[PDB]
Visitor: 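Quick one: this structure, given as structure tokens, is what I'll be asking you about.
Residue numbers start from 1 in every chain, and the chains themselves are labelled A, B, ... in the order their sequence lines are given, proteins ahead of strands.
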Amino acid sequence: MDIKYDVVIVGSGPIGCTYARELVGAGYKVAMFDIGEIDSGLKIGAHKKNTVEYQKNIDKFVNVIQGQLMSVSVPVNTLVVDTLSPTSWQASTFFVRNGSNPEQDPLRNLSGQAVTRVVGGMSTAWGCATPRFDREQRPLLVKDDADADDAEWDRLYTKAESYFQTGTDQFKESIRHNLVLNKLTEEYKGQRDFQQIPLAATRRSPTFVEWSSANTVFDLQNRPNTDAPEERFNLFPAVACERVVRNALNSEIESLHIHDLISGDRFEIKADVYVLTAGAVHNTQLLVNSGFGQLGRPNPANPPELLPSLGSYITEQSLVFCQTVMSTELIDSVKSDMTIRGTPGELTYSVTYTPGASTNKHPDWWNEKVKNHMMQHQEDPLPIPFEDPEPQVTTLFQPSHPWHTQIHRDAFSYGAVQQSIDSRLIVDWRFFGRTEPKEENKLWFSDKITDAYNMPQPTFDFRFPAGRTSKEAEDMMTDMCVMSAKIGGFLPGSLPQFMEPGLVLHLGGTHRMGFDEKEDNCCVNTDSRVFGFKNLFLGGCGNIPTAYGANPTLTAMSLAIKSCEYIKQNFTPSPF
Amino acid sequence: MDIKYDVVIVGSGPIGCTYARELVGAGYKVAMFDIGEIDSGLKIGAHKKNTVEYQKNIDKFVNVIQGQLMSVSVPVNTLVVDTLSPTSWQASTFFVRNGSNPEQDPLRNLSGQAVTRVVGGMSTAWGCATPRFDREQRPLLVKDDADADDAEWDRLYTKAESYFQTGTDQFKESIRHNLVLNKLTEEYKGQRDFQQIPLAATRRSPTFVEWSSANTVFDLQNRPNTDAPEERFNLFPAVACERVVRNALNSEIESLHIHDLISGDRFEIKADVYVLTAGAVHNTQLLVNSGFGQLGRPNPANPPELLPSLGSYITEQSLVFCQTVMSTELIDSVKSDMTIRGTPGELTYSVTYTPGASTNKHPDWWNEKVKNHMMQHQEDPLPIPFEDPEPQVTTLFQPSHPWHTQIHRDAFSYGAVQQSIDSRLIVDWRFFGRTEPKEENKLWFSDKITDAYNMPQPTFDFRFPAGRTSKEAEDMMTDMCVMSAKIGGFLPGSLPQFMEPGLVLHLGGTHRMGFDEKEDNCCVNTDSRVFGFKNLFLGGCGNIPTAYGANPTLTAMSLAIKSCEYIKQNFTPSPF
Amino acid sequence: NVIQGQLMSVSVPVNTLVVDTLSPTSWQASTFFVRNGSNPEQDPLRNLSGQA
Amino acid sequence: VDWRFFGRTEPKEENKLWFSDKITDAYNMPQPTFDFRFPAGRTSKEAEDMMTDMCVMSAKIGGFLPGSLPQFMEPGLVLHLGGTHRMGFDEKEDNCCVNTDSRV
Ligand SMILES: Cc1cc2nc3c(=O)[nH]c(=O)nc-3n(C[C@H](O)[C@H](O)[C@H](O)COP(=O)(O)OP(=O)(O)OC[C@H]3O[C@@H](n4cnc5c(N)ncnc54)[C@H](O)[C@@H]3O)c2cc1C
Ligand SMILES: Cc1cc2nc3c(=O)[nH]c(=O)nc-3n(C[C@H](O)[C@H](O)[C@H](O)COP(=O)(O)OP(=O)(O)OC[C@H]3O[C@@H](n4cnc5c(N)ncnc54)[C@H](O)[C@@H]3O)c2cc1C
């Protein structure tokens with residue numbers, strides 16, 4: 001570890017890695033620090049689902065996810081346990097136990113919010129859905145010229161899509177996928193369009209998908225190396241970044257204070273450029289611990305000196321979920337084109353179809369799989385092949401249905417494998433609402449309570465705003481109930497519900513971007529530069545200042561590509 | 001990849017790494033194949049609990065464990081779900097669904113048995129408890145000379161302890177450990193002795209333990225390399241080993257058939273020596289797929305040609321568990337030496353003690369930690385420091401209490417997170433019973449159903465034997481109830497219970513060792529050589545033929561070391 | 001069930017269970033107010049909660 | 001087979017049933033409020049020793065039924081409350097409310 005770099009990046013998630021890819025490639029001497037460790041295979045920061053064992057047992061991946069999601073703010077527990085033995089030590093109050101946060105109102109929390117501290121960040125376990133935002137959901141990068149703003153976002157997204165290897169055809173030959181897609185296309189003919197979820201992923205075989213991650217964006221290997229002999233990059237895992245040191249004039253960051261967790265020593269790292277990409281919660285924490293914003297419980301009677309909008313206007317999406325069990329009609333329709341002789345298990349059994357018959361409701365690739373499955377597993381009562389890939393269907397946010405949707409199967413933290421119903425029958429429904437930014441919705445940090453790394457304890461004061469946000473959330477629930485019934489009935493134990501606030505992990509606006517600090521109530525400009533500071537940049541979903549329903553990471557990455565363009569224009573790499 | 005090795009080893013768990021450590025060091029050309037992949041970071045095969053993040057959030061590690069444990073044999077599900085929507089598809093039977101095993105009687109199963117497929121095997125997640133077996137539990141290595149047998153086991157276990165870095169001091173300054181240790185010592189004075197659980201682990205700091213694993217035994221780096229230029233080792237992950245090929249006379253193994261899961265290629269690998277260390281289930285599966293034992297439902301009207309005892313005489317330990325909440329008397333005793341004046345939280349409050357006072361119940365180090373906690377955290381009502389390490393207590397198996405005990409905290413698959421009671425108050429109790437080997441207790445493999453890697457499906461036919469095994473398992477439950485009461489009452493939600501059969505993952509006897517194939521109803525001799533075969537060796541808990549209660553891995557390691565001695569005496573390494 | 005049906009709890013403390021999955025349109029509490037027959041005088045940790 | 005072991009509780013002045021002067025019950029009478037903990041000392045020692053006795057004695061008949069593992073029941077679920085208008089010989093010396101004729 002040197003004491004001096006051209007650029008230091010805090011965090012090795014996909015956004016930090018976007019800065020690394022751009023700046024390392026442009027010849028800067030770059031260090032990256034992560035509080036977490038390489039724990040993840042030979043490919044550093046790669047998706048943990050990309051193992052043979054996980055792709056043969058996807059349900060087990062829910063456990064991996066649970067294992068690395070650490071709750072941000074847990075209120076003081078008030079559960080009454082009054083069946084302890086009379087000899088056991090017994091509480092007289094609900095005192096602060098087990099890491100809980102006494103600052104946290106349990107009724108104004110994002111109790112589902114959590115963070116991951118591992119190299120690659122949450123991209124080691126994420127779902128890889130990377131849709132673009134439409135105008136309605138997106139902040140402006142160019143004022144008073146929509147066509148120009150659109151062109152700039154098209155340019156940025158196109159590059160972000162290449163970095164993540166986003167595509168919309170990796171599930172094109174799944175029967176379950178096309179079954180669901182075709183039925184919904186028909187049911188909403190001329191009202192709503194359906195397509196594959198845009199996924200950051202590359203299909204490697206009919207049973208293996210290489211899901212993208214941070215590693216895809218930047219492989220995190222130290223440079224120079226054989227493959228990049230003129231590049232300079234070092235990743236330092238197990239290092240907690242604690243503070244950026246401001247100059248007295250509040251115009252420049254002068255150093256980064258770090259704590260090496262393995263040795264316990266502290267150090268002061270110098271760079272020309274500092275990029276904070278620690279996630280939406282921890283970028284905010286690091287800033288507040290550095291003198292930006294206001295530490296402690298918000299107190300308006302006292303103006304903060306710097307970035308007064310920091311931690312305000314936070315947004316988290318409403319998320320409604322259910323699972324369904326595919327209708328008899330749709331299952332029957334899978335074999336609609338089959339000719340069925342004799343009985344299963346018997347010499348007489350025969351299942352056939354004619355490749356290319358124009359009377360066929362399905363393509364040949366489909367009928368061939370159905371025929372083969374039905375003939376090779378005559379004990380099985382379903383027409384869907386065992387290895388058929390999962391559905392991955394969406395109808396993207398529109399003004400007339402202002403929510404994002406995913407009609408799919410994937411692992412999340414609130415997964416629950418159930419074993420009783422055949423898994424080929426099951427489809428997950430997740431609709432995601434947009435949340436209006438309001439000043440009163442805040443992430444703040446205690447001036448007395450600290451977290452497990454001795455940093456100020458994050459506290460939320462959040463409610464979903466009344467008015468459009470609330471009305472839309474409920475309309476979204478009803479839309480999921482109505483749309484899902486086209487495919488099948490609810491699965492018992494996964495009935496339609498709102499999910500715990502924050503479980504969706506789409507938190508935005510904690511360090512929000514705009515054109516003018518005061519007018520747009522914001523913290524960073526459109527180059528992701530912290531107002532007033534020459535050399536401090538923030539990346540991530542914390543920058544997004546709007547109400548959005550779609551998954552935000554692609555949009556964060558795009559902002560980050562725009563930020564690196566500024567940096568390249570304004571700082572000169574040191575001599576190699 | 002080469003065509004030809006001196007030694008090939010199937011599996012990279014700690015038993016295969018024992019073979020590697022011995023045989024790479026003695027100059028053999030060694031290849032090792034594992035069906036799983038590297039996924040503990042840069043130290044290949046290391047303990048996954050060795051991150052800062054897990055040691056600050058140990059309960060989250062239960063999810064890691066659950067994530068990698070795959071159930072061996074799941075019977076067909078017969079749960080009634082009768083509240084599906086009428087439009088949803090439903091079969092008319094409980095058909096074979098979701099990977100279940102139609103061979104398996106649900107009432108004669110080890111439903112908790114599970115396997116892990118990752119480089120380092122189960123040692124990437126294990127508890128690291130490495131006790132020695134006393135004579136009562138231990139197979140004989142020398143018959144008719146008990147002191148010769150004693151000396152041989154002492155020499156082997158001492159070696160094994162060195163490989164695993166086993167010690168009994170890593171928790172010596174934990175207040176919770178010493179509170180429990182001291183109380184149990186005093187209460188059973190004259191009857192039972194207590195000590196620290198022997199742990200394969202090295203303390204790095206007061207808040208971090210480096211838990212041992214396969215990596216500690218052998219670092220699994222390919223050789224030659226700078227640190228080992230005269231050594232020859234290749235590790236090949238993501239390779240399923242499927243069969244060893246017998247010569248016509250059943251006197252030698254001729255090759256090993258493997259399937260590379262990434263390329264799909266299949267190869268026959270040749271070696272002078274073949275060592276199988278794939279675990280107690282998968283060793284057995286590989287052998288039965290290679291024409292040892294009997295494939296299919298056991299059929300006594302049809303003696304197998306080879307290894308008649310293979311998969312019979314299986315033993316799994318009964319496991320009883322509870323958690324307790326520390327007694328008010330014990331908690332008050334933590335502070336017995338303190339003089340406490342004033343009211344907590346006021347500037348008049350003080351906690352002091354008299355250093356060195358002959359009448360102090362605790363040592364100065366303890367009282368200092370108590371004092372510092374109470375003064376620095378006046379809002380907290382307990383005297384136990386927040387980062388105090390967990391208890392790690394045992395009274396080892398003896399004839400008058402013929403069960404192993406762990407009185408501790410650690411992460412297992414059945415962990416259940418608890419939030420209303422302070423974790424400092426909670427102690428886990430796990431008592432482990434020994435199970436008599438009976439011929440009727442079997443692991444067999446389907447001749448029609450295959451598993452996810454297309455190998456014969458494991459099936460259990462198991463019940464705990466009546467007579468001594470069942471009597472002792474109940475006496476053990478009572479013992480836990482009696483002993484645990486000395487410390488505190490049970491924690492609601494963790495009441496005293498038997499655990500699902502096999503969840504303890506201490507399965508033995510599947511390929512058991514003995515002196516004489518026929519008289520001792522066994523598969524390998526005391527060199528772990530398969531009877532009849534000059535060049536085939538099995539390692540692991542499958543070899544253990546006795547009824548044991550303590551954790552088996554150190555003993556299996558000691559057997560592997562002995563095996564390696566035989567290999568050194570009988571096979572010459574190839575010129576390097 | 002007959003027994004359950006005729007045993008009426010003597011003192012039930014104010015309920016502090018967190019329900020944070022209501023729809024945003026539903027009316028919700030800013031406090032754990034006295035609800036559903038509960039007894040605001042009762043310390044939940046010094047009760048005979050099964051008395052009826 | 002069901003096993004129920006019932007412990008005795010030392011009468012302590014601080015263990016009280018009292019009635020609110022503002023909150024009322026469903027029949028518009030003063031609402032009952034408890035202030036109770038099992039006394040430290042003999043009551044608590046006996047209660048734990050009583051749990052241990054049930055575990056030891058039950059094991060002679062059979063092992064526990066899953067889902068009915070040994071536990072303490074919620075305080076008061078036993079409905080054996082006493083001492084709320086206690087008897088004795090002398091109102092002051094025996095801290096009581098009725099004499100041995102049950103007369104107030
Ligand atoms: C199960 C799952 C499903 C999701 N699915 C999707 C989806 O389909 N589409 C999508 O767009 N989003 C999804 N997300 C969210 C997505 O993963 C995140 O938006 C994304 O990873 C954010 O990237 P980032 O680089 O800003 O932050 P993170 O990925 O959170 O990385 C931040 C990093 O910084 C580190 N760090 C934190 N504090 C410090 C400090 N003080 N010092 C040093 N390092 C620090 C961390 O250890 C971490 O590695 C999902 C996430 C989860 C967990
Ligand atoms: C949570 C938990 C706690 C435990 N606690 C303890 C404890 O405290 N003390 C203790 O003694 N024991 C404990 N154990 C058990 C201990 O981990 C095992 O006894 C030990 O790991 C066995 O070592 P092994 O090398 O024989 O087998 P394994 O560790 O199972 O390794 C066998 C390996 O072979 C591989 N393999 C399997 N099939 C094939 C194939 N066909 N081809 C190629 N490779 C294959 C696997 O991928 C695997 O890595 C615990 C286990 C767990 C999971």
Visitor: Should A:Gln68 and B:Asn63 be marked as a side chain to side chain donor-acceptor pair (under 3.5 Å) after you check the CA-CA gap, both sets of side-chain angles, and the distance that decides it?
Guide: CA-CA 8 Å; A:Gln68 50 190 56; B:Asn63 307 120; over 6 Å; no
Visitor: When you measure from the centre of the six-membered ring of B:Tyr453, is the NZ or CZ of A:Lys56 under 6.0 Å away and within 45° of the axis?
Guide: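 Yes, a cation-pi geometry holds between A:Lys56 and B:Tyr453.
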Visitor: Judged by modelled atom types alone, do A:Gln55 and A:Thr207 share a side-chain donor-acceptor pair under 3.5 Å?
Guide: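 There is no such pair (donor and acceptor under 3.5 Å, judged by atom type) between the side chains of A:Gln55 and A:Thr207.
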Visitor: Indicate whether the side chain of B:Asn215 and that of B:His47 have a donor and an acceptor atom separated by less than 3.5 Å.
Guide: no
Visitor: Could you tell me which residues satisfy salt bridge (charged side-chain N to carboxylate O under 4.0 Å, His left out) with B:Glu242, sequence neighbours excluded, listed by chain and number?
Guide: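 So B:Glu242 forms a salt bridge (charged side-chain N to carboxylate O under 4.0 Å, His left out) with B:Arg266.
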Visitor: Looking only at side-chain N and O atoms, does A:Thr130 offer a donor or acceptor that is under 3.5 Å from a partner on A:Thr166?
Guide: yes
Visitor: Given A:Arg176, which partner from the list A:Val393, A:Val427, A:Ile384 fulfils the side-chain contact (heavy atoms from CB on, under 4.5 Å) test?
Guide: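 It is A:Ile384; the other options fail the test.
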Visitor: Under the criterion side chain to side chain donor-acceptor pair (under 3.5 Å), I'd like the reasoning laid out for B:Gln457 against B:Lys448: C-alpha separation, chi angles, the key distance, then a yes or no.
Guide: CA-CA 8 Å; B:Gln457 172 62 48; B:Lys448 286 323 290 140; over 6 Å; no
Visitor: Report the residues that fulfil salt bridge (charged side-chain N to carboxylate O under 4.0 Å, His left out) with A:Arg117, sequence neighbours left out, ordered by chain and then residue number.
Guide: B:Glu53
Visitor: Do the charged groups of B:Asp410 and B:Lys49 touch, with an N to O distance under 4.0 Å?
Guide: yes
Visitor: Taking only residues two or more places apart in sequence, or in another chain, which ones meet A:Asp59 in a side-chain hydrogen bond (donor to acceptor under 3.5 Å, both in side chains)?
Guide: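 For A:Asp59 there are no side-chain hydrogen bond (donor to acceptor under 3.5 Å, both in side chains) partners, ignoring immediate neighbours.
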Visitor: Run the ring-ring contact (aromatic ring centres under 6.0 Å, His included) test against B:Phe164 and tell me which residues pass, sequence neighbours left out.
Guide: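 ring-ring contact (aromatic ring centres under 6.0 Å, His included) list for B:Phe164, sorted by chain: B:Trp126.
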Visitor: Under the ring-ring contact (aromatic ring centres under 6.0 Å, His included) rule, collect the residues that match up with A:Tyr414, sequence neighbours excluded.
Guide: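 Residues passing ring-ring contact (aromatic ring centres under 6.0 Å, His included) with A:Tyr414: A:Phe321, A:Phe412.
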Visitor: Sequence neighbours left out, what passes ring-ring contact (aromatic ring centres under 6.0 Å, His included) with A:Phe386? Give chain and number order.
Guide: A:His373, A:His377
Visitor: Does any donor atom in the side chain of B:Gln104 or B:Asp461 lie under 3.5 Å from an acceptor atom in the other side chain?
Guide: no
Visitor: Would you say the side chains of B:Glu316 and B:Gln113 form a donor-acceptor pair under 3.5 Å?
Guide: yes
Visitor: With a 4.0 Å cut-off, would you call A:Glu173 and A:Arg203 a salt bridge?
Guide: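 Looking at A:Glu173 and A:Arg203, the cut-off is not met.
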Visitor: Quick one: does NZ or CZ of B:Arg97 land under 6.0 Å from the six-membered ring centre of B:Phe95, within 45 degrees of the ring axis?
Guide: yes
Visitor: Do B:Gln285 and B:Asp451 have side-chain atoms, one donor and one acceptor, less than 3.5 Å apart?
Guide: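 Their side chains do contain a donor-acceptor pair, which is all the 3.5 Å distance test asks for.
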Visitor: Would you find a donor on one side and an acceptor on the other, under 3.5 Å apart, between the side chain of A:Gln418 and the backbone of A:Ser420?
Guide: yes
Visitor: For A:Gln323, does its backbone N or O pair with a side-chain atom of A:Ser494 as donor and acceptor, under 3.5 Å?
Guide: no
Visitor: Between B:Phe218 and B:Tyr19, is the ring centre distance below 6.0 Å?
Guide: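 They do not qualify: ring centres at least 6.0 Å apart.
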Visitor: Would you say the side-chain atoms of B:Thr277 and B:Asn283 include a donor-acceptor pair closer than 3.5 Å?
Guide: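 Short answer, no.
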Visitor: Please determine whether the number of non-hydrogen atoms from other residues, nucleotides or ligands lying under 6.0 Å from atom CD of A:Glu379 exceeds 12.
Guide: yes
